[PDB]
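Remarks on the structure that follows.
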Amino acid sequence: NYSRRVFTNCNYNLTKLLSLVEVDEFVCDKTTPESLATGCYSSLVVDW
Amino acid sequence: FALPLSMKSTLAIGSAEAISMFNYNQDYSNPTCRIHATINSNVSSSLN
Ligand SMILES: *[C@@H]1O[C@H](CO)[C@@H](O[C@@H]2O[C@H](CO)[C@@H](O[C@@H]3O[C@H](CO)[C@@H](O)[C@H](O)[C@@H]3O)[C@H](O)[C@H]2NC(C)=O)[C@H](O)[C@H]1NC(C)=O
Ligand SMILES: CCCCC/C=C\C/C=C\CCCCCCCC(=O)O
Ligand SMILES: *[C@@H]1O[C@H](CO)[C@@H](O)[C@H](O)[C@H]1NC(C)=O
């Protein structure tokens with residue numbers, strides 16, 4: 001039973017979030033974590 | 001340089017942490033090979 005949130009019309013601080021998380025592995029294509037910290041995208045859907 | 005294996009994904013391409021931004025940033029225009037090696041204690045005490 002995993003939670004899902006959708007964030008639209010929003011702004012966020014990457015340094016605030018990454019100060020609390022020790023990332024061990026990221027895998028993805030069509031985008032990069034550097035791109036998510038620089039570019040602007042239409043919507044953001046997060047599952048955790 | 002020295003870096004723990006718990007943050008081996010920090011040097012992965014596309015990462016957005018502070019190491020890949022302000023510290024050593026890898027150049028990928030030439031054939032590289034990043035190696036994460038662990039030097040054991042006995043051979044480390046042998047060669048100072
Ligand atoms: C969220 O992002 C903002 C920037 O987009 C980060 O803001 C900066 O935070 C540091 C402290 O974490 C601030 O430093 C402080 O500055 C005052 C200025 O006089 C100084 O007196 C203090 O001793 C301290 O050094 C810095 O000013 C601030 N920059 C801004 C607001 O433009 C913030 O760190 C990020 N959030 C987290 C949780 O890291
Ligand atoms: C790790 C953060 C967890 C929560 C993130 C959720 C929402 C924020 C949305 C976009 C920011 C992109 C995350 C940056 C990934 C860093 C990967 C790494 O440093 O290797
Ligand atoms: C599933 O998660 C939602 C989100 O908080 C919660 O409201 C719900 O009670 C959960 N259901 C369970 C634990 O059976």
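We label chains A, B, ... in the order they appear in the structure tokens, count residues from 1 in each chain, and number ligands from 1 in the order shown.
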Q.
If the limit is 12 Å from any atom of ligand 2, counting only C-alpha atoms and all ligand atoms, which residues qualify? Return them as a ChimeraX atom specification.
A. /A:4-8,10-28,31-41,43-48 /B:6-21
(Q) Taking only C-alpha atoms and all ligand atoms and a cut-off of 9 Å, can you tell me which residues surround ligand 3, written as an NGL selection string? (A) :A and (1-4)
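Of the residues in chain A, those given alpha helix (DSSP H) by DSSP on the backbone are residues 14, 15, 16, 17, 18, 33, 34, 35 and 36 of chain A.
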